[PDB]
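Quick notes on the structure that follows.
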Amino acid sequence: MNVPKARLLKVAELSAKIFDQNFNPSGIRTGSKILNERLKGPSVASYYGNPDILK
Amino acid sequence: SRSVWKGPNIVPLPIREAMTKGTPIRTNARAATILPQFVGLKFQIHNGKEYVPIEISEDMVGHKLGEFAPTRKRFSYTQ
Amino acid sequence: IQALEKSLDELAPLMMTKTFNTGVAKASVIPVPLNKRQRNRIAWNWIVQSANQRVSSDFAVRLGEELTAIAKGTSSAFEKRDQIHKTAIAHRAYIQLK
Amino acid sequence: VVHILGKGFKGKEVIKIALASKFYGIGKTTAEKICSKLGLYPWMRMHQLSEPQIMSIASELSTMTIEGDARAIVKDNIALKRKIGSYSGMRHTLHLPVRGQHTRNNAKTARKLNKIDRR
Amino acid sequence: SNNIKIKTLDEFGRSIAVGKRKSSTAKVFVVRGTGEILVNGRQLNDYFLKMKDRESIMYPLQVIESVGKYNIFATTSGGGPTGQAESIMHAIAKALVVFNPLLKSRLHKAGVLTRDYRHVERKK
Amino acid sequence: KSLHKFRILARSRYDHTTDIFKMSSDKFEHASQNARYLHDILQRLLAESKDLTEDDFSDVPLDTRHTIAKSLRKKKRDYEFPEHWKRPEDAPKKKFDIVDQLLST
Amino acid sequence: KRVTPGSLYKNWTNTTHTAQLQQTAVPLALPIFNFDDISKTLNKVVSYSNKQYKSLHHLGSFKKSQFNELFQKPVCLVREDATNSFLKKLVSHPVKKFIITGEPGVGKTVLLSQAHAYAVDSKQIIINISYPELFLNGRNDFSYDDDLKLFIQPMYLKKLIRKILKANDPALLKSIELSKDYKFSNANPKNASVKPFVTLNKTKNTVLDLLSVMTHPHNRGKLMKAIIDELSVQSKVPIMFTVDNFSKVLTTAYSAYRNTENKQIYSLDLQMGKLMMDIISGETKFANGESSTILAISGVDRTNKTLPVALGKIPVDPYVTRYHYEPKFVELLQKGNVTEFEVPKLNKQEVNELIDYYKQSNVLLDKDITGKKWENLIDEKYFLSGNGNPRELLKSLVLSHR
Amino acid sequence: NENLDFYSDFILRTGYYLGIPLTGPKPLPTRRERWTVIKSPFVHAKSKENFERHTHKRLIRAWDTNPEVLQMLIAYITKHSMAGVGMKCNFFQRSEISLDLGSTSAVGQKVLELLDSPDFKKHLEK
RNA sequence: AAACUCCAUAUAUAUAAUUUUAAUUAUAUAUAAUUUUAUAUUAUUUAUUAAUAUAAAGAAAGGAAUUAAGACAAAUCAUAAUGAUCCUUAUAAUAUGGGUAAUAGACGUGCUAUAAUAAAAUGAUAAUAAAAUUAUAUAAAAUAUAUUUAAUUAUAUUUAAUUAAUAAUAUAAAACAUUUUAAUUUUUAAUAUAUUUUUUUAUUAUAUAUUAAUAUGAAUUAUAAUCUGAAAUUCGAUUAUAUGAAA
Ligand SMILES: Nc1ncnc2c1ncn2[C@@H]1O[C@H](COP(=O)(O)OP(=O)(O)OP(=O)(O)O)[C@@H](O)[C@H]1O
Ligand SMILES: [K+]
Ligand SMILES: [K+]
Ligand SMILES: [K+]
Ligand SMILES: [K+]
Ligand SMILES: [K+]
Ligand SMILES: [K+]
Ligand SMILES: [K+]
Ligand SMILES: [K+]
Ligand SMILES: [K+]
Ligand SMILES: [Mg+2]
Ligand SMILES: [Mg+2]
Ligand SMILES: [Mg+2]
Ligand SMILES: [Mg+2]
Ligand SMILES: [Mg+2]
Ligand SMILES: [Mg+2]
Ligand SMILES: [Mg+2]
Ligand SMILES: [Mg+2]
Ligand SMILES: [Mg+2]
Ligand SMILES: [Mg+2]
Ligand SMILES: [Mg+2]
Ligand SMILES: [Mg+2]
């Protein structure tokens with residue numbers, strides 16, 4: 001808490017760089033969440049079973 | 001209430017023809033947000049059965065077209 | 001504690017008349033004996049009702065005052081006991097004894 | 001009894017609570033700021049106030065939107081809804097719920113209070 | 001053959017017993033001492049705020065009149081204060097029988113050696 | 001000094017209590033790819049920690065708030081039997097059994 | 001009205017404290033507390049002297065929830081590991097700055113009352129702050145003083161100054177002649193309209209005169225600074241400054257008061273907070289070498305890392321939020337070299353003495369006297385009290401009807 | 001549990017001959033899943049039937065073994081697996097800090113394509 | 001049918017290199033009770049007996065499932081499935097919007113409340129649980145804003161660990177302690193007073209109205225912002241300021 005914010009920001013920025021993380025000090029909404037969400041299409045589209053069944 | 005940071009709910013509408021010809025805009029997009037450009041233009045807004053004619057004023061900007069085309073009839077009892 | 005048990009033993013009625021719906025005719029008011037657990041309930045409810053007429057906001061204080069007055073002889077619930085015992089003495093013949 | 005801007009207060013009432021209770025438009029947070037601005041300690045009561053301090057409260061209260069002014073803002077916002085013909089305006093005119101509440105049952109409070117000239 | 005081996009004090013003179021009540025469990029270490037008790041490393045008055053819970057823990061020692069003759073190191077987990085206090089009570093009673101097996105009958109008669117079976121029942 | 005800078009830059013990935021630095025990755029589709037990715041990050045973190053020419057972050061103390069939060073979610077049984085309570089003289093003493101003593105000879 | 005002159009209308013805790021229920025207690029003849037003859041009273045229950053009772057009542061040494069109403073007057077067990085041990089350190093240690101700790105109800109307040117009793121006997125001037133919450137809860141007036149640059153609290157200061165005057169021997173106060181001339185505004189309703197100010201000349205007036213000055217509320221902060229300065233410059237009489245429930249100060253850095261910007265006022269911006277911490281930190285030095293500063297914590301207050309760090313019991317964690325760690329208080333406490341004295345729990349022999357006194361006071365139930373062996377009772381009550389807690393011992397004896 | 005325990009016993013026998021120190025099978029907490037249904041097809045929501053499924057778990061640990069021998073164990077026990085038994089294997093490989101040769105998302109690509117299309121470039125023009 | 005069972009409980013053995021730790025546990029197997037014995041009393045079909053108590057041994061005190069018959073031609077053709085009969089450019093199929101959310105009265109079932117044996121704050125070396133969930137995810141810590149020293153609450157930024165006896169949802173809550181609490185002049189304040197000092201006593205001021213709605217209650221409503229979604233108008237959730245009904 002007594003650690004100057006400038007010092008703690010330098011650690012955050014360098015740490016984010018090493019760990020390939022997005023450093024957004026301002027907090028602007030960037031949409032990064034949308035880019036990271038998983039694709040659920042394959043699971044959703046198999047709900048009713050494999051269509052290539054022997055008939 | 002749509003978050004302000006997302007912007008208006010913009011829908012495809014024929015506004016150019018209504019601004020160069022004065023024709024009414026018939027639409028079912030009741031969710032559409034009345035943008036400041038729409039002011040002065042004439043809209044025919046679906047209510048599920050009919051198309052209600054409404055002209056947009058400056059006190060309607062920000063609201064949505066559906067708000068001005070009631071979908072139900074006033075209730076009455078067989079007293 | 002000894003004061004509480006003495007007060008409960010003096011205030012609780014020994015017997016109480018109860019109406020039994022025996023027969024299509026009018027019910028009978030027959031005196032019935034009470035056990036110690038049933039006697040304590042009757043006397044405690046009288047104490048609580050008397051306590052809740054006092055001025056203190058705290059129930060513990062009102063209860064404490066009520067219990068102190070009863071341990072010192074003064075209580076309005078002794079009238080209730082006398083009226084329950086009078087009724088039973090009147091209906092002494094209604095008892096069955098078999 | 002202490003009188004501030006016509007409102008009457010019992011002497012024992014705490015100032016920060018009394019102000020948010022009798023004055024339309026002033027709540028708990030707003031009342032605390034007024035007392036902090038006038039140097040009144042958090043739990044000071046009305047009977048303690050002097051006449052110079054009673055006048056200071058009235059001055060600060062007269063530089064705010066309260067009572068009629070605050071009530072007029074609500075009445076004018078409701079009137080605008082009716083003027084533009086919005087669905088919400090009709091609900092106010094019909095004395096019906098304006099926030100999506102069901103009407104098959106209940107809806108008693110909306111029937112008593114919902115009106116263009118809302119109190 | 002039988003499945004019971006005589007219980008005896010351990011290398012440090014301690015009698016170890018486990019007790020259960022509701023969802024709570026307690027493992028106590030009883031040794032000869034002067035009446036010192038520790039519950040999960042904390043003072044009895046700190047861990048158990050209710051005096052009735054403290055009185056429950058002391059009852060088995062009060063039956064054999066040995067409240068000042070033993071040191072108890074009780075460890076308890078699960079359930080609430082009542083389950084833990086009575087689980088410790090049950091475990092102390094079972095641990096006291098090793099010091100004098102002639103007092104088991106008195107402990108059984110007081111009811112401290114009977115495992116309380118009552119638990120929350122899903123409504124049926 | 002480099003060990004301190006390493007621990008500061010790891011942030012939530014370092015547990016001071018256990019001294020363990022743990023990082024996982026499932027970003028790629030194959031485990032081999034993910035293994036290389038973690039290895040490459042490890043080399044990058046070590047290089048920065050061993051380059052104290054500009055900043056060593058010695059003024060910055062280690063932050064353990066993440067570890068404290070984790071500890072509050074696990075039950076800690078950190079109490080042991082008092083040593084001054086032990087009574088070794090009350091333990092049972094092995095008895096003399098002639099049969100077992102005679103069966104061994 | 002529903003309330004009559006003698007009706008018990010308050011809650012239970014206030015009724016027991018205020019209803020004068022000790023009147024029916026039986027008078028017992030106990031030895032008197034005297035540290036100079038502790039050998040004759042060690043490990044025995046003693047009453048205080050008549051001179052000590054008068055001073056300790058004016059200081060607020062006796063508090064509610066101490067079962068004082070069970071006995072004719074409050075009594076204390078002179079303990080070897082708590083009372084005798086602490087008082088010997090107070091007479092020998094050169095710094096004489098202590099903070100009394102221990103588990104809730106262990107007897108920290110009673111120990112402070114025994115230190116007040118010692119000071120009364122040993123001709124010392126006692127300044128006690130019994131309940132610091134009274135100047136931090138925002139329930140009395142406050143004003144900003146430009147000359148002091150502090151928020152003064154006139155209502156509280158008036159009560160505190162009277163306590164210092166009524167609790168201490170007038171002779172000691174009269175001995176301290178004033179070192180400077182002082183002028184204050186006159187608020188005495190007799191000559192206030194005739195004399196604009198009251199002057200206190202040096203070498204003529206004493207600190208007793210200074211403690212009797214009736215001034216306007218806005219000049220009462222300057223009267224508290226003069227009193228403390230006069231008592232800290234004189235070397236004749238030792239000054240014992242005490243604060244009970246000091247944990248409240250350590251855990252309430254920001255008072256309930258708000259400035260003109262609706263910002264809560266830091267406790268060190270109040271004169272009471274600044275004065276208290278100036279004496280503890282050592283900024284305000286007392287000329288007499290027997291002056292002491294005894295602080296005591298209370299279990300009714302929340303705990304955090306402030307006090308443990310100040311006492312050296314745990315390492316400093318810099319990332320602890322300010323609401324759980326106040327580094328400024330730690331600096332002040334460590335600058336004053338405050339040392340901890342942990343009040344130990346009672347041993348079984350001390351429990352025996354207390355229960356033997358309770359039997360003679362007729363406070364024990366009939367279930368603990370008839371049909372129970374004395375040794376069994378002591379063992380049971382030592383177990384049910386947590387192995388020594390005095391407060392849990394009393395509750396097990398007089399407040400456990402199950 | 002029956003096939004689970006039998007198969008676990010077989011793994012221990014396979015490991016012994018392969019020279020693999022093995023511990024277990026350690027029983028892990030059984031997971032219980034529950035479903036409550038209404039017995040009637042249409043109405044009568046007052047009579048409800050209970051159903052459950054228990055997942056039985058066992059942990060077998062391998063120690064002080066070379067990777068190649070460990071793979072032989074997994075291959076053999078896979079070849080002779082029992083019905084209705086599943087198997088997860090966590091392998092732990094101790095390595096050196098620095099190694100030799102080591103040990104773009106679809107959405108991001110489409111965003112770049114979309115931001116270059118005329119429907120977007122026509123606005124980005126400054 | 002009952003029992004024999006299964007669960008719970010007690011105990012024993014096995015398993016865990018006791019850092020997947022809860023060994024005070026996990027879960028496989030086995031054992032145990034439908035308890036047993038002695039004595040006195042009262043009844044008996046009086047004997048090798050029941051009801052009772054007393055003593056002794058014991059951890060032992062609770063549950064589930066367990067099938068046959070018939071009826072209401074009771075519900076369901078709207079979980080799906082069958083006959084008959086009807087529609088086949090429409091009674092089938094798709095899209096956009098609307099409705100299922102309407103409102104006089106009435107009924108069922110709930111929630112919140114109408115204050116002092118009860119509500120509100122605060123409690124960081126962190127009082128004390130169980131059962132569940134996390135690959136169509138659970139989201140830590142930190143930072144920023146509301147917003148104030150900080151905490152708290154909400155959201156944003158960022159996305160650590162864990163696909164799990166490992167990490168996360170999640171420091172359970174009540175309890176308990178302290179403080180506060182309208183009606184209540186049972187209060188507060190100014191002086192003086194005390195051997196009740198967080199307090200007592202005295203004298204002044206502290207309101208009027210008032211069978212009544214407060215610092216109880218939180219319906220209704222204004223404005224601003226936020227969350228999910230392609231979309232929140234009919235018709236969603238949350239927050240802030242203000243509003244503060246009935247009871
Ligand atoms: N030496 C003693 N002789 C007699 N009674 C004592 C003694 N010490 C403590 N007590 C009693 O124990 C109880 C608690 O005492 P005290 O109030 O001093 O404790 P405390 O630790 O200061 O409490 P808290 O943590 O609440 O501030 C009281 O009833 C007190 O009278
Ligand atoms: K208001
Ligand atoms: K509706
Ligand atoms: K209804
Ligand atoms: K373990
Ligand atoms: K709809
Ligand atoms: K309430
Ligand atoms: K929990
Ligand atoms: K009201
Ligand atoms: K909407
Ligand atoms: Mg990750
Ligand atoms: Mg947290
Ligand atoms: Mg104290
Ligand atoms: Mg039908
Ligand atoms: Mg419906
Ligand atoms: Mg905890
Ligand atoms: Mg967080
Ligand atoms: Mg976990
Ligand atoms: Mg907690
Ligand atoms: Mg609470
Ligand atoms: Mg309220
Ligand atoms: Mg009414």
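Here is how names work: the chains are called A, B, and so on, in the same order as the sequence lines, proteins then strands, and each is numbered from 1.
- Taking atom P in both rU198(I) and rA172(I), one finds a spacing of 38 Å when rounded to whole Å.
- With both distances under 3.5 Å, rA28(I) pairs with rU13(I) in Watson-Crick or G-U wobble fashion.
- Taken as a pair, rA146(I) and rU153(I) qualify: Watson-Crick (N1-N3 plus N6-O4 or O6-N4) or G-U wobble (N1-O2 and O6-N3), both under 3.5 Å.
- Listed candidates were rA231(I), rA242(I), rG99(I). Nearest to the side chain of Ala31(B) is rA231(I).
- Taken as a pair, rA189(I) and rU204(I) qualify: Watson-Crick (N1-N3 plus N6-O4 or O6-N4) or G-U wobble (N1-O2 and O6-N3), both under 3.5 Å.
- Looking at heavy-atom distances under 4.0 Å, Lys16(D) makes no contact with the nucleic acid at all.
- In this entry the distance linking NZ of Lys124(E) with P of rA65(I) reads 7 Å, nearest Å.
- Going from the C1' atom of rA173(I) to that of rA126(I) covers 15 Å, rounded to whole Å.
- A Watson-Crick or G-U wobble pair links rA120(I) with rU179(I), both defining distances under 3.5 Å.
- Listed nucleotides: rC176(I), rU157(I), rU128(I). Nearest to the side chain of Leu49(E): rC176(I).
- For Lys57(H), taking side-chain heavy atoms from C-beta onward, the closest of the listed nucleotides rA232(I), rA174(I), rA165(I) is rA165(I).
- Residues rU241(I) and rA222(I) show canonical Watson-Crick or G-U wobble pairing, with both defining distances under 3.5 Å.
- Inspection of the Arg322(G) and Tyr254(G) side chains reveals an N or O donor paired with an N or O acceptor under 3.5 Å.
- Within the nucleic acid shown, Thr30(A) comes within 4.0 Å of sugar-phosphate atoms alone, with no base atom in reach, counting heavy atoms only.
- The nearest whole Å value for the distance from the NZ atom in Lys73(B) to the P atom in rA104(I) is 18 Å.
- Straight-line distance between the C1' atoms of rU200(I) and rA192(I): roughly 13 Å, to the nearest whole Å.
- Under the stacking definition used here (centres under 5.5 Å, planes under 30°), the residue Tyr53(G) fails to qualify as stacked on the base of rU195(I).
- Taken as a pair, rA132(I) and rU169(I) qualify: Watson-Crick (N1-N3 plus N6-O4 or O6-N4) or G-U wobble (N1-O2 and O6-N3), both under 3.5 Å.
- In this structure, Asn24(A) contributes its side chain and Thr30(A) its backbone to no donor-acceptor pair below 3.5 Å.
- At a cut-off of 3.5 Å, with distance as the only test, no side-chain donor of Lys81(D) or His63(B) sits close to an acceptor on the other residue.
- Under the 5.5 Å centre and 30° plane thresholds, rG236(I) stacks on its strand neighbour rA237(I).
- Contact of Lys104(E) with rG58(I) (side chain to base): no donor-acceptor pair of N or O atoms is detected under 3.5 Å.
- Looking at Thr306(G) and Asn304(G), their side chains do bring a donor and an acceptor atom within 3.5 Å of each other.
- When atom types are taken as modelled, the side chain of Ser21(D) and the backbone of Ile17(D) share no donor-acceptor pair closer than 3.5 angstrom.
- The distance between atom NZ of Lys22(F) and atom P of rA164(I), rounded to the nearest whole Å, is 13 Å.
- Side-chain atoms of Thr29(D) lie closest to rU241(I) of the nucleotides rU159(I), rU241(I), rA222(I).
- Using cut-offs of 30° and 60° on the angle between ring planes, the pair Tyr48(G) and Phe62(G) is perpendicular.
- Distance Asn106(D) CG to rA102(I) P: 11 Å, rounded to the nearest Å.
- Partner assigned to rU238(I) is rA225(I), using Watson-Crick or G-U wobble distances below 3.5 angstrom.
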- request: Walk me through it: do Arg58(H) and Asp5(H) pass the test salt bridge (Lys or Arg N to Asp or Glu O under 4.0 Å)?
  value: CA-CA 8 Å; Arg58(H) 300 290 188 276; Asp5(H) 288 323; 2.9 Å; yes
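- Comparing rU221(I), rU158(I), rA12(I) by their nearest atom to the side chain of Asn24(A) picks out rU158(I).
- With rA142(I), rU166(I), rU128(I) as the choices, the nucleotide that has an atom nearest any side-chain atom of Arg65(F) turns out to be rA142(I).
- Stacking status of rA30(I) with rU31(I): stacked, per the base-ring test of centres under 5.5 Å and planes under 30°.
- Base-pair annotation: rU158(I) with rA167(I) fails the Watson-Crick or G-U wobble criterion (two N/O distances, each under 3.5 Å).
- Using modelled atom types and a 3.5 Å distance limit, the side chains of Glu133(G) and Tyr131(G) yield a donor-acceptor pair.
- In the set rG123(I), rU243(I), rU134(I), the nucleotide with an atom closest to the side chain of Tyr24(D) is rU243(I).
- Distances were taken from every side-chain heavy atom of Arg2(B) (C-beta onward) to each of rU20(I), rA129(I), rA232(I); the shortest belongs to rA232(I).
- Nucleotides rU122(I) and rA177(I) meet the pairing criterion: a Watson-Crick or G-U wobble pair with both donor-acceptor distances under 3.5 Å.
- Where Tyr117(E) and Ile73(D) meet RNA chain I, the nucleotide closest to each residue was compared, and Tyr117(E) sits on the side nearer the 5' end.
- Applying the Watson-Crick and G-U wobble criteria (two distances, each under 3.5 Å), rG70(I) pairs with nothing in any strand.
- Between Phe75(B) atom CZ and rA102(I) atom P the separation is 10 Å, expressed in whole Å.
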task: For the pair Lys63(G) and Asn245(G), evaluate side-chain hydrogen bond (donor to acceptor under 3.5 Å, both in side chains) and give the outcome as yes or no after the intermediate values.
output: CA-CA 11 Å; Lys63(G) 301 188 168 189; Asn245(G) 298 43; 2.7 Å; yes
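- Nucleotide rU187(I) holds its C1' atom 16 Å from the CE atom of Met44(D), rounded to whole Å.
- With both ends at atom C1', the span from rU112(I) to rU216(I) equals 13 Å, rounded to whole Å.
- Between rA150(I) and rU185(I), the distance separating the two P atoms is 40 Å to the nearest Å.
- The aromatic ring of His46(B) does not sit over the base of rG97(I); the criterion of centres under 5.5 Å apart with planes under 30° is not met.
- Taking the P atom of each, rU241(I) and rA154(I) are spaced 15 Å apart, rounded to whole Å.
- Taking atom P on both nucleotides, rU34(I) is separated from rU39(I) by 27 Å, rounded to a whole Å.
- Residue whose closest nucleotide on RNA chain I sits further toward the 5' end, between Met1(A) and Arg29(A): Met1(A).
- Here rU155(I) is matched with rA144(I) as a Watson-Crick or G-U wobble partner, both contacts being under 3.5 Å.
- Evaluation of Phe68(B) against the base of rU233(I) yields no stacking contact (centre distance < 5.5 Å, interplanar angle < 30° required).
- We find that CD1 of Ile60(H) is positioned 16 Å from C1' of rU20(I), with the value rounded to whole Å.
- Listed nucleotides: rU20(I), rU233(I), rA16(I). Nearest to the side chain of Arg30(B): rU233(I).
- Side chains of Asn52(C) and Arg62(C): a donor-acceptor N/O pair is present below 3.5 angstrom, by distance only.
- If you check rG244(I), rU79(I), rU159(I) against the side chain of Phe42(H), the one that comes closest is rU79(I).
- Remark: the separation of the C1' atoms in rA95(I) and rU223(I) is 39 Å, to the nearest Å.
- Stacking annotation: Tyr323(G) is not stacked on the base of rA150(I) (requires ring centroids less than 5.5 angstrom apart and an interplanar angle below 30 degrees).
- Regarding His54(H), its NE2 atom lies at a distance of 13 Å from the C1' atom of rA131(I), rounded to whole Å.
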